[PDB]
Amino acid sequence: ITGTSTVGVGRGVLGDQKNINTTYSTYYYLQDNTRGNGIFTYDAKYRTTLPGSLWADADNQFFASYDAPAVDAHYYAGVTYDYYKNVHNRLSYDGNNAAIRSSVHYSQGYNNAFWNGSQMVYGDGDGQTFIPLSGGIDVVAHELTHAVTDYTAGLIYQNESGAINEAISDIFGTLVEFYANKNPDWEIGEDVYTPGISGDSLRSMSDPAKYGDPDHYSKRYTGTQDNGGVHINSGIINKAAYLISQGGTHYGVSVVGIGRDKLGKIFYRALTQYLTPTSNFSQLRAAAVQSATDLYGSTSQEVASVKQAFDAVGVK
């Protein structure tokens, strides 16, 4: 909408207070004009029609329980925009400052979040498996990263290319979580998953197998559920990324860690310059090796570490 940029205040899903960029024109709308061509957050009102209505508020204060998922979807989209711009010199998901749109309160008891080809969408959860999913910064960045992937490598959402698509979203979701630097970890969704169980998460990148996800290519899922295991076999790539950054010895193979920032540079370059819609795990290894060679040189530790990490997870 046309209006003037304003700054509201509210509380997110976990009860934390934060400022949000809004737009005033009769109402205060969740429209952040400070980033690209805008970040826009909508109310889906417990229905499945999208996007719903641009979020409107009478007083620019967002402390109601019903407001909390919108506050976080809007704020964490801003953080994710900042990460891609400041760290990778990428302007929104399309590289040309496309407007970023999110809807919250999607459906009833909806235990998921998604990118629908045009926008992000967040359920409220059923209060048992999830609380409102925009409360997880890693979740928000996971979803926006699907948009980045769709505009770049275009990895098809099935089998190995789809597991790479998923891992890219978990990797950058985690790197955004570290960028914001509030309780960062290598787990996925811990802030919104299972409010009655402490210390768990939807997935683990540091130890995927804690939930039965594979941590080696010889344990990959080969069936048809989950689009051929895209959220399962992602563990193999998540583990490799974790090893590249943090190091470790895994199935007897030692990896010298090179840190999160170099992991992000290598995988961002792989995603945007080398991967294609049909890339498999072996082709991802080759893309990461070439990306590290471009950035750091063929004789570099960074290249050696990429090879060690894929060796450790059984990907040649």
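Residue indices: 1-based, along the sequence shown.
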property: Entry-level comparison of average CA B-factors, 18-26 and 300-308, reporting the higher stretch; result: 300-308
property: 210-218 or 184-192, whichever carries the higher mean Cα B-factor; result: 210-218
property: Given 136, 109, 173, 78, the residue at which the Cα B factor reaches its maximum; result: 109
property: Residue with maximal Cα B-factor (values as given in the PDB entry) among 116, 128, 149, 238; result: 128
property: Residue 6 CA temperature factor, ranked by third within the chain; result: lowest
property: Chain-wide C-alpha B factor ranking for residue 84, given as lowest, middle or highest third; result: lowest
property: Chain-relative CA temperature factor third for residue 226; result: highest
property: Within-chain third of residue 50 by Cα B-factor, per the entry; result: middle
property: Chain thirds of CA B-factor: placement of residue 280; result: middle
